[PDB]
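Since the structure comes first, as structure tokens, the remarks are kept for the end.
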Amino acid sequence: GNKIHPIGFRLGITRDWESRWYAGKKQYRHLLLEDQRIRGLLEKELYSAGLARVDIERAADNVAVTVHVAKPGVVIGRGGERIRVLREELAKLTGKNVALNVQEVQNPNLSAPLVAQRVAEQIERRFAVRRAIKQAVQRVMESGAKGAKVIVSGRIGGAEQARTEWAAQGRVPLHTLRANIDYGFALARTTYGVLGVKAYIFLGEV
Amino acid sequence: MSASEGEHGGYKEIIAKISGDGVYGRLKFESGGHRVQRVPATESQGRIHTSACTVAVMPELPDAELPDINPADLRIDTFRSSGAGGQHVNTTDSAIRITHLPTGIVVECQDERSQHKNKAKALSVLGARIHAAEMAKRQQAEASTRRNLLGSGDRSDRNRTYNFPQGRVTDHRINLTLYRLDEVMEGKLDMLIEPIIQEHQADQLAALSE
Amino acid sequence: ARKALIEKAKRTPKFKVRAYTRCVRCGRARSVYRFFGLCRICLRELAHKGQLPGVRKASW
RNA sequence: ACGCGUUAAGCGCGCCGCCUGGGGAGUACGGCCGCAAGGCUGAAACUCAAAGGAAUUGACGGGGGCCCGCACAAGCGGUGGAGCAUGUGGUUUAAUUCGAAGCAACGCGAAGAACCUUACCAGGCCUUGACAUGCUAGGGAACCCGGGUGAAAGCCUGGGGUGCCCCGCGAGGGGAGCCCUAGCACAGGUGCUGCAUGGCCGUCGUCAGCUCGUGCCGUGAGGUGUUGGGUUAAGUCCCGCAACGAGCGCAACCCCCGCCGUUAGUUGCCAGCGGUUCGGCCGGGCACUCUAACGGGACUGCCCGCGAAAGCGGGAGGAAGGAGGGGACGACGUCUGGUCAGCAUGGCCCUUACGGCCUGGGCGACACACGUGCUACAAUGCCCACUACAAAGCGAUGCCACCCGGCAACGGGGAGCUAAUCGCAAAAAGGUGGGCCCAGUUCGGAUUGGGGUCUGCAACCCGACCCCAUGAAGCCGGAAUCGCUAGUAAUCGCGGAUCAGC
RNA sequence: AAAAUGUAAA
RNA sequence: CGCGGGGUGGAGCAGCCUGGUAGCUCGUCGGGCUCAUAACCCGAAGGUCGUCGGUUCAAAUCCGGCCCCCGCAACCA
Ligand SMILES: CN(CC[C@H](N)CC(=O)N[C@H]1C=C[C@H](n2ccc(N)nc2=O)O[C@@H]1C(=O)O)C(=N)N
Ligand SMILES: [Mg+2]
Ligand SMILES: [Mg+2]
Ligand SMILES: [Mg+2]
Ligand SMILES: [Mg+2]
Ligand SMILES: [Mg+2]
Ligand SMILES: [Mg+2]
Ligand SMILES: [Mg+2]
Ligand SMILES: [Mg+2]
Ligand SMILES: [Mg+2]
Ligand SMILES: [Mg+2]
Ligand SMILES: [Mg+2]
Ligand SMILES: [Mg+2]
Ligand SMILES: [Mg+2]
Ligand SMILES: [Mg+2]
Ligand SMILES: [Mg+2]
Ligand SMILES: [Mg+2]
Ligand SMILES: [Mg+2]
Ligand SMILES: [Mg+2]
Ligand SMILES: [Mg+2]
Ligand SMILES: [Mg+2]
Ligand SMILES: [Mg+2]
Ligand SMILES: [Mg+2]
Ligand SMILES: [Mg+2]
Ligand SMILES: [Mg+2]
Ligand SMILES: [Mg+2]
Ligand SMILES: [Mg+2]
Ligand SMILES: [Mg+2]
Ligand SMILES: [Mg+2]
Ligand SMILES: [Mg+2]
Ligand SMILES: [Mg+2]
Ligand SMILES: [Mg+2]
Ligand SMILES: [Mg+2]
Ligand SMILES: [Mg+2]
Ligand SMILES: [Mg+2]
Ligand SMILES: [Mg+2]
Ligand SMILES: [Mg+2]
Ligand SMILES: [Mg+2]
Ligand SMILES: [Mg+2]
Ligand SMILES: [Mg+2]
Ligand SMILES: [Mg+2]
Ligand SMILES: [Mg+2]
Ligand SMILES: [Mg+2]
Ligand SMILES: [Mg+2]
Ligand SMILES: [Mg+2]
Ligand SMILES: [Mg+2]
Ligand SMILES: [Mg+2]
Ligand SMILES: [Mg+2]
Ligand SMILES: [Mg+2]
Ligand SMILES: [Mg+2]
Ligand SMILES: [Mg+2]
Ligand SMILES: [Mg+2]
Ligand SMILES: [Mg+2]
Ligand SMILES: [Mg+2]
Ligand SMILES: [Mg+2]
Ligand SMILES: [Mg+2]
Ligand SMILES: [Mg+2]
Ligand SMILES: [Mg+2]
Ligand SMILES: [Mg+2]
Ligand SMILES: [Mg+2]
Ligand SMILES: [Mg+2]
Ligand SMILES: [Mg+2]
């Protein structure tokens with residue numbers, strides 16, 4: 001083990017901060033650990049929707065949470081209920097006046113933190129772990145990527161002495177910082193044990 | 001009092017006397033085979049191994065020697081010696097033979113031209129020949145009883161397993177199985193020996209009260 | 001004593017010395033910053049996901 | 001299969017000899033031969049689940065060739081000896097919490113153990129609990145309060161706040177957020193298992209490697225490509241080729257450091273000026289240093305020479321030239337690697353207890369041993385004063401120039417600064433006169449004594465500084481071993497992160 | 001033209 | 001009884017005559033080498049010289065007696 005996170009890598013070379021806001025010295029840690037708890041709530045109630053990215057930004061007290069989903073008919077709720085009651089739960093545990101800012105995915109099979117989550121439950125529900133990859137990339141590549149790679153790790157439906165196997169197709173120049181790529185974990189949580197699905201999509205060296 | 005400290009590690013073999021009170025009953029249960037499963041020090045890739053050892057604690061043995069024979073049973077015997085000697089040998093009963101009746105040993109001494117010297121030489125050769133002879137009966141029993149006790153072949157030799165990669169010691173004969181271990185492997189032997197002793201005795205009463 | 005001590009590092013003390021650091025996110029005690037209220041890893045971890053403001057990998 | 005191939009192991013035929021799993025065994029027995037040594041003929045019991053033939057892939061070699069690495073050589077400075085620091089083994093003990101183990105454990109997780117941290121220990125306590133969703137409910141009522149015991153935590157204990165839906169002629173309203181009090185789902189675990197795992201790291205190794213696609217060869221495992229000639233730091237190229245291409249790597253794009261300029265012109269800067277009231281303070285100005293964005297700049301681009309090409313070798317000019325120096329960046333893989341103790345996680349366990357709380361001890365123990373390390377043996381040095389020269393950082397919790405107290409740390413008095421403004425602020429070596437004269441010393445600063453400051457609830461265990469007496473071992477370190485190729489080693493200082501304090 | 005060894009679990 | 005021999009750091013040997021003089025080889029413990037062990041290189045540790053009593057100022061040593069070890073005759077016609 002040695003390969004480093006491709007985000008933290010280009011953290012300021014391509015992909016952006018999930019949190020976009022300035023802070024003072026004795027207040028940073030305060031409106032951080034509070035503000036992180038938001039994605040704790042958001043992931044609790046949007047996996048059912050496709051939570052790939054959050055953009056939590058702040059003014060003076062005034063927050064601006066902007067979410068990125070699959071097909072936001074989920075946050076719609078009963079006409080406009082979940083969009084309401086979430087912003088009604090957003091501010092409700094801060095003290096600060098929030099917002100219902102929400103936006104969606106253009107194409108889903110082109111988002112790593114998404115593409116993974118599909119798989120890590122696809123197999124959390126037993127399914128053929130090999131072909132759940134070779135076709136996963138194949139969906140991504142028939143979704144017009146430039147390259148793809150998928151990784152699972154741990155007891156693959158059996159094998160006590162657990163393994164780490166993968167399949168991939170296309171281009172994946174990680175070491176090149178120029179490349180726009182995409183990475184997102186996903187957690188297979190099966191009866192016999194727990195794995196971990198990584199995913200990488202090379203979208204185009206901007 | 002005896003030790004073969006073979007390269008690494010150990011002790012290939014060690015003998016030692018333990019002195020004090022109740023030394024017997026508080027270790028008379030250790031005699032037997034001791035299986036051990038861990039990844040040995042002698043190992044070069046993560047493989048567990050089932051080595052073993054043979055504990056053989058034998059009790060104290062007080063020993064004996066009365067200030068020698070009963071001359072009341074003893075049969076002395078003078079007679080003319082056999083061989084070359086002429087007039088002061090064909091005509092002088094210089095040969096001796098002595099016989100210890102309740103044992104059975106017979107020795108004699110046509111060894112020297114005396115008689116008193118052959119007499120005593122018989123009565124001290126027959127010194128050894130009775131006590132130095134019986135010491136075989138001692139060792140024979142010692143040896144044989146240690147052999148049954150200690151148990152020869154290994155790993156299949158029962159009594160107590162010491163499992164390190166799980167930290168669980170189990171005594172087979174009475175079936176404790178606590179996954180404490182190591183504390184005993186530090187020296188705290190009792191969370192173990194006390195169980196067997198009660199268990200040993202539990203059926204002790206079920207013998208002439210059953 | 002797990003949870004019973006992150007909850008007792010936050011509770012009001014018996015003195016101004018039984019006061020001490022606790023990683024709010026993980027739960028450390030040693031190597032917990034004041035600047036973040038964080039442990040060396042939780043710091044490390046979230047940082048890679050850009051969820052920590054302005055902090056990029058150093059290089060000089 | 002290797003190979004054989006009119007000198008068959010090819011296609012045929014005639015005739016002899018010989019084989020029918022390994023070991024036992026070319027033995028034992030019988031016969032025959034022999035001077036002998038032996039020879040010929042030649043079994044079986046028992047035993048095993050194989051023995052073996054070629055060929056492929058790697059690893060390995062006290063095999064070869066070709067390169068490379070502070071690997072050796074060359075050179076400079078260390079450890080190993082002493083005393084102390086801290087870390088580990090051991091031992092130990094009421095426990096001396098757990099884990100890390102050759103490089104790749106040993107100033108490692110610890111970036112702050114007196115309480116805390118704390119898992120260990122002893123003894124006092126806890127039982128739906130220190131924490132989470134809840135349930136039936138004796139009844140409540142935020143709650144400010146307040147008492148006796150005790151080290152505290154806790155067992156007990158006396159006061160009502162009398163508010164809280166919605167209407168009680170009313171004398172009960174009923175509910176209610178939290179709440180007290182029993183009981184049913186309970187939590188709780190630093191308990192085991194990294195040999196059930198995730199994640200992250202370590203390492204060979206920033207090594208130059210690993211492979212895939214089709215084609216082709218081969219009964220096949222597999223080969224070809226990736227081999228070869230040149231080449232480079234490089235599977236880097238260029239040529240060549242039963243190969244043609246492709247991915248992961250190296251380079252490369254990214255960040256500081258060197259050159260140049262556009263821009264910006266204080267809180268920084270100061271060349272010219274009013275100044276002058278002794279002066280970057282006043283006016284003055286962004287010209288220069290400064291700061292910090294946006295940029296150009298080097299491309300074998302130029303020339304003699306060598307090669308077919310890549311490329312090489314020399315100077316030319318330029319801040320810089322064949323990669324200018326530095327960082328980040330760790331390929332398929334390996335090590336049954338490290339980590340269930342940061343955290344998560346399938347199992348297994350514990351359930352007036354492995355859980356939960358406070359008091360005190362311990363994690364700092366010392367018959368011993370190795371790791372990393374500070375400080376030394378001194379004259380290129382040690383001491384007292386004058387005295388210049390840095391740089392990155394830190395703080396309206398606080399940073400504390402200042403007077404005052406002083407032998408001091410400190411103390412009480414506070415002026416500024418939310419910081420290019422004000423502070424930590426003396427950077428030490430260096431410089432300059434004195435000073436010592438070769439000695440267990442004006443070296444060295446261990447050990448211990450008496451007395452003090454500081455922060456904390458409190459420095460016995462067990463703190464860090466200050467002052468006076470004390471002034472040890474050590475006179476250059478056996479065997480062996482270590483770092484390092486240029487602003488590098490060596491040596492001198494300073495700041496920060498964890499942090500009551502250290 | 002130097003120098004012995006490495007038991008027993010995939 | 002009798003002659004003569006040697007007893008000494010754990011094993012095996014000098015040092016006795018000539019009276020003050022603990023030696024060598026292993027072995028041992030503690031440092032290295034090496035992934036590890038031995039080999040190998042570097043330091044240290046270790047015995048009132050059998051035992052009573054003896055003479056000298058003192059006994060490994062000179063000196064008498066049993067205690068050991070060891071060849072050792074004892075011819076007995
Ligand atoms: C016996 N001989 C020859 C010697 C005479 N002619 C014969 C004879 O018998 N002599 C022997 C006779 C007795 C002798 N004898 C034995 C015991 C004794 N106490 N005293 C003696 O003299 O020992 C003698 C000895 O050996 O010469 C040989 N062997 N030559
Ligand atoms: Mg897909
Ligand atoms: Mg043996
Ligand atoms: Mg006794
Ligand atoms: Mg005869
Ligand atoms: Mg005779
Ligand atoms: Mg017997
Ligand atoms: Mg284990
Ligand atoms: Mg069992
Ligand atoms: Mg506890
Ligand atoms: Mg021919
Ligand atoms: Mg033949
Ligand atoms: Mg035949
Ligand atoms: Mg056969
Ligand atoms: Mg044969
Ligand atoms: Mg026959
Ligand atoms: Mg003959
Ligand atoms: Mg081959
Ligand atoms: Mg050669
Ligand atoms: Mg060559
Ligand atoms: Mg050559
Ligand atoms: Mg070296
Ligand atoms: Mg020198
Ligand atoms: Mg553990
Ligand atoms: Mg430990
Ligand atoms: Mg309660
Ligand atoms: Mg009313
Ligand atoms: Mg009412
Ligand atoms: Mg009313
Ligand atoms: Mg296991
Ligand atoms: Mg390789
Ligand atoms: Mg080849
Ligand atoms: Mg070839
Ligand atoms: Mg070829
Ligand atoms: Mg080539
Ligand atoms: Mg190429
Ligand atoms: Mg002006
Ligand atoms: Mg000017
Ligand atoms: Mg100007
Ligand atoms: Mg360049
Ligand atoms: Mg060229
Ligand atoms: Mg040119
Ligand atoms: Mg030319
Ligand atoms: Mg040049
Ligand atoms: Mg958990
Ligand atoms: Mg208790
Ligand atoms: Mg506690
Ligand atoms: Mg000198
Ligand atoms: Mg002050
Ligand atoms: Mg500020
Ligand atoms: Mg001078
Ligand atoms: Mg002196
Ligand atoms: Mg003190
Ligand atoms: Mg030196
Ligand atoms: Mg400071
Ligand atoms: Mg030689
Ligand atoms: Mg030789
Ligand atoms: Mg002698
Ligand atoms: Mg001498
Ligand atoms: Mg080894
Ligand atoms: Mg030797
Ligand atoms: Mg004499």
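Each chain in the structure tokens gets a letter, A, B and so on, in the order shown; residues start at 1 in every chain, and ligands are counted from 1 in the order they appear.
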Where in chain C does DSSP assign alpha helix (DSSP H), given as number ranges by chain?
C: 3-6, 40-48
So that I have them on file, write out the residues from the current selection with C-alpha atoms, as a compact mmCIF listing (two decimals), in the first residue's frame.
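Everything below was put into again-v9.txt:
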```txt
# COMPACT_ATOMS: atom_id res chain seq x y z
CA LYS C 3 -17.71 6.30 25.11
CA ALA C 4 -17.65 7.00 28.85
CA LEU C 5 -14.54 9.16 28.39
CA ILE C 6 -15.24 11.18 25.29
CA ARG C 40 -3.69 13.57 13.12
CA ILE C 41 -5.70 11.15 10.97
CA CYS C 42 -9.17 12.71 10.99
CA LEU C 43 -7.26 15.80 10.04
CA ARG C 44 -5.38 13.85 7.41
CA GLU C 45 -8.47 11.97 6.23
CA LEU C 46 -11.02 14.69 5.60
CA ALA C 47 -8.33 16.94 4.16
CA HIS C 48 -7.91 14.69 1.12
```
Just want the residues within 9 Å of ligand 38, written as a PyMOL selection string, counting only C-alpha atoms (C1' of nucleotides) and all ligand atoms.
chain D and resi 271-272+285-288
Just N, CA and C atoms (P, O5', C5', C4', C3', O3' and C1' of nucleotides) for this one: save the residues we selected as a PDB file, in the first residue's frame.
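Heads up, here's the output in result_31.pdb:
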```pdb
ATOM      1  P     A D 271      18.632  56.180   1.047  1.00  0.00           P
ATOM      2  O5'   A D 271      19.105  57.141  -0.136  1.00  0.00           O
ATOM      3  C5'   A D 271      19.905  56.651  -1.208  1.00  0.00           C
ATOM      4  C4'   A D 271      19.557  57.322  -2.518  1.00  0.00           C
ATOM      5  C3'   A D 271      19.265  58.818  -2.456  1.00  0.00           C
ATOM      6  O3'   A D 271      20.446  59.610  -2.481  1.00  0.00           O
ATOM      7  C1'   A D 271      17.565  57.730  -3.694  1.00  0.00           C
ATOM      8  P     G D 272      20.584  60.919  -1.554  1.00  0.00           P
ATOM      9  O5'   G D 272      19.579  61.976  -2.214  1.00  0.00           O
ATOM     10  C5'   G D 272      19.832  62.497  -3.514  1.00  0.00           C
ATOM     11  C4'   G D 272      18.718  63.384  -4.023  1.00  0.00           C
ATOM     12  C3'   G D 272      18.189  64.441  -3.071  1.00  0.00           C
ATOM     13  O3'   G D 272      19.044  65.565  -2.967  1.00  0.00           O
ATOM     14  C1'   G D 272      16.386  63.403  -4.222  1.00  0.00           C
ATOM     15  P     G D 285       4.751  63.548  -3.792  1.00  0.00           P
ATOM     16  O5'   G D 285       5.305  62.198  -4.427  1.00  0.00           O
ATOM     17  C5'   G D 285       6.219  62.228  -5.512  1.00  0.00           C
ATOM     18  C4'   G D 285       7.147  61.043  -5.483  1.00  0.00           C
ATOM     19  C3'   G D 285       6.480  59.674  -5.445  1.00  0.00           C
ATOM     20  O3'   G D 285       5.989  59.229  -6.706  1.00  0.00           O
ATOM     21  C1'   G D 285       8.153  59.755  -3.795  1.00  0.00           C
ATOM     22  P     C D 286       4.437  58.826  -6.886  1.00  0.00           P
ATOM     23  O5'   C D 286       4.395  57.268  -6.551  1.00  0.00           O
ATOM     24  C5'   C D 286       4.761  56.297  -7.527  1.00  0.00           C
ATOM     25  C4'   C D 286       6.236  55.990  -7.477  1.00  0.00           C
ATOM     26  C3'   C D 286       6.610  54.580  -7.891  1.00  0.00           C
ATOM     27  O3'   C D 286       7.928  54.606  -8.420  1.00  0.00           O
ATOM     28  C1'   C D 286       7.141  54.899  -5.603  1.00  0.00           C
ATOM     29  P     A D 287       8.168  54.265  -9.964  1.00  0.00           P
ATOM     30  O5'   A D 287       9.691  53.795 -10.007  1.00  0.00           O
ATOM     31  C5'   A D 287      10.628  54.449 -10.850  1.00  0.00           C
ATOM     32  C4'   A D 287      12.009  54.513 -10.237  1.00  0.00           C
ATOM     33  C3'   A D 287      12.448  53.320  -9.407  1.00  0.00           C
ATOM     34  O3'   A D 287      12.846  52.213 -10.194  1.00  0.00           O
ATOM     35  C1'   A D 287      13.019  55.311  -8.282  1.00  0.00           C
ATOM     36  P     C D 288      12.344  50.738  -9.809  1.00  0.00           P
ATOM     37  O5'   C D 288      13.355  50.280  -8.661  1.00  0.00           O
ATOM     38  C5'   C D 288      14.760  50.281  -8.881  1.00  0.00           C
ATOM     39  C4'   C D 288      15.535  50.300  -7.584  1.00  0.00           C
ATOM     40  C3'   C D 288      15.246  49.168  -6.614  1.00  0.00           C
ATOM     41  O3'   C D 288      15.943  47.983  -6.939  1.00  0.00           O
ATOM     42  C1'   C D 288      15.283  51.228  -5.447  1.00  0.00           C
TER      43        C D 288
END
```
As a list in words, please: the residues near region 4-10 of chain E (cut-off 7 Å, only C-alpha atoms (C1' of nucleotides), same-chain neighbours under 3 positions excluded).
residues 47, 48 and 49 of chain B
Those residues with C-alpha atoms, as a PDB file, in the first residue's frame please?
```pdb
ATOM      1  CA  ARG B  47       3.421 -20.637   9.851  1.00  0.00           C
ATOM      2  CA  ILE B  48       2.095 -22.046  13.134  1.00  0.00           C
ATOM      3  CA  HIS B  49       3.726 -25.172  14.554  1.00  0.00           C
TER       4      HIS B  49
END
```
Could you please extract the residues within 9 Å of ligand 35, counting only C-alpha atoms (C1' of nucleotides) and all ligand atoms, and hand them back as a list in words?
residues 226, 227, 228, 229, 230, 231 and 235 of chain D
Could you turn the residues from that selection into a file that holds C-alpha atoms (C1' of nucleotides), as a PDB file, in the first residue's frame?
```
ATOM      1  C1'   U D 226       9.400  -6.612 -24.125  1.00  0.00           C
ATOM      2  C1'   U D 227      14.674 -10.008 -27.930  1.00  0.00           C
ATOM      3  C1'   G D 228      19.018  -7.552 -30.807  1.00  0.00           C
ATOM      4  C1'   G D 229      22.703  -2.778 -32.317  1.00  0.00           C
ATOM      5  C1'   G D 230      23.312   2.212 -30.417  1.00  0.00           C
ATOM      6  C1'   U D 231      21.147   5.062 -26.164  1.00  0.00           C
ATOM      7  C1'   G D 235      10.522  -0.787 -21.332  1.00  0.00           C
TER       8        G D 235
END
```
Please write out the residues within 7 Å of ligand 2 as an mmCIF file with N, CA and C atoms, in the first residue's frame, counting only C-alpha atoms (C1' of nucleotides) and all ligand atoms.
```
data_model
loop_
_atom_site.group_PDB
_atom_site.id
_atom_site.type_symbol
_atom_site.label_atom_id
_atom_site.label_comp_id
_atom_site.auth_asym_id
_atom_site.auth_seq_id
_atom_site.Cartn_x
_atom_site.Cartn_y
_atom_site.Cartn_z
ATOM 1 N N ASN A 109 -23.447 7.464 -14.511
ATOM 2 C CA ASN A 109 -22.347 6.534 -14.735
ATOM 3 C C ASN A 109 -21.062 7.243 -15.130
ATOM 4 N N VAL A 115 -20.977 5.866 -8.901
ATOM 5 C CA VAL A 115 -20.791 4.597 -9.593
ATOM 6 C C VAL A 115 -20.436 3.479 -8.627
ATOM 7 N N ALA A 136 -19.608 -3.028 -15.028
ATOM 8 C CA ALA A 136 -19.689 -1.721 -14.383
ATOM 9 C C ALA A 136 -18.856 -0.731 -15.158
ATOM 10 N N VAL A 137 -17.646 -1.158 -15.497
ATOM 11 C CA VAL A 137 -16.794 -0.383 -16.378
ATOM 12 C C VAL A 137 -17.489 -0.276 -17.726
ATOM 13 N N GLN A 138 -18.058 -1.388 -18.182
ATOM 14 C CA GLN A 138 -18.705 -1.417 -19.487
ATOM 15 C C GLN A 138 -19.903 -0.468 -19.559
ATOM 16 N N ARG A 139 -20.585 -0.251 -18.440
ATOM 17 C CA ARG A 139 -21.623 0.769 -18.429
ATOM 18 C C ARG A 139 -20.971 2.138 -18.515
ATOM 19 N N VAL A 140 -19.926 2.339 -17.716
ATOM 20 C CA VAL A 140 -19.207 3.603 -17.687
ATOM 21 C C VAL A 140 -18.630 3.942 -19.059
#
```
Neighbours of chain A in chain D at 6 Å, counting only C-alpha atoms (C1' of nucleotides), as a PDB file with C-alpha atoms (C1' of nucleotides), in the first residue's frame:
```pdb
ATOM      1  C1'   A D 196     -11.943 -13.833   9.198  1.00  0.00           C
ATOM      2  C1'   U D 197     -11.574  -7.878   6.902  1.00  0.00           C
ATOM      3  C1'   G D 198     -12.199  -2.208   5.402  1.00  0.00           C
ATOM      4  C1'   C D 253       2.160  18.966 -17.026  1.00  0.00           C
ATOM      5  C1'   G D 330       5.567   5.406  -4.830  1.00  0.00           C
ATOM      6  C1'   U D 345     -15.881  -4.353  10.864  1.00  0.00           C
ATOM      7  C1'   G D 346     -17.965 -10.430  10.352  1.00  0.00           C
TER       8        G D 346
END
```
Within 12 Å of ligand 16, which residues show up when you count only C-alpha atoms (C1' of nucleotides) and all ligand atoms? List them as a count of residues only, please.
8
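Using only C-alpha atoms (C1' of nucleotides) and all ligand atoms, residues with at least one atom at most 12 Å away from any atom of ligand 45 are residues 2, 3 and 26 of chain C; 188, 189, 340, 343, 344 and 345 of chain D.
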Take the residues from that selection and write them out as a PDB file, in the first residue's frame, keeping C-alpha atoms (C1' of nucleotides).
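In the end it all went to again-v8.pdb:
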```
ATOM      1  CA  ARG C   2     -14.677   4.004  25.499  1.00  0.00           C
ATOM      2  CA  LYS C   3     -17.705   6.303  25.111  1.00  0.00           C
ATOM      3  CA  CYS C  26     -12.454  10.108  16.038  1.00  0.00           C
TER       4      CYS C  26
ATOM      5  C1'   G D 188     -21.466  -0.617  27.774  1.00  0.00           C
ATOM      6  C1'   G D 189     -16.425  -3.191  26.543  1.00  0.00           C
ATOM      7  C1'   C D 340      -9.550  -5.022  15.998  1.00  0.00           C
ATOM      8  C1'   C D 343     -11.662   4.675  13.939  1.00  0.00           C
ATOM      9  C1'   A D 344     -14.731   1.523  11.459  1.00  0.00           C
ATOM     10  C1'   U D 345     -15.881  -4.353  10.864  1.00  0.00           C
TER      11        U D 345
END
```
Do you know which residues are within 9 Å of ligand 58 using only C-alpha atoms (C1' of nucleotides) and all ligand atoms? Can you write them as a VMD selection string?
chain F and resid 6 to 8 13 to 16
Kindly work out which residues sit at most 9 Å from ligand 59, using only C-alpha atoms (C1' of nucleotides) and all ligand atoms, and give the list as an NGL selection string.
:F and (15 or 21-23)
List as a PDB file with C-alpha atoms (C1' of nucleotides), in the first residue's frame the protein and nucleic acid residues lying within 10 Å of ligand 29, with only C-alpha atoms (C1' of nucleotides) and all ligand atoms counted.
```pdb
ATOM      1  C1'   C D 167     -60.928  27.027  30.625  1.00  0.00           C
ATOM      2  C1'   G D 168     -61.163  23.939  36.776  1.00  0.00           C
ATOM      3  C1'   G D 170     -65.657  24.790  42.263  1.00  0.00           C
TER       4        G D 170
END
```
When the cut-off is 10 Å and we count only C-alpha atoms (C1' of nucleotides), which residues of chain B are near chain F, given as a PyMOL selection string?
chain B and resi 7-8+42+44+85-89+112-114
Output as a ChimeraX atom specification the set of chain B residues within 9 Å of chain D, with distances taken over only C-alpha atoms (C1' of nucleotides).
/B:45-47,165-167,179
Enumerate the residues of region 43-154 of chain A with a DSSP assignment of strand (DSSP E), computed from the backbone, and present them as a ChimeraX atom specification.
/A:53-58,63-69,102-104,147-151
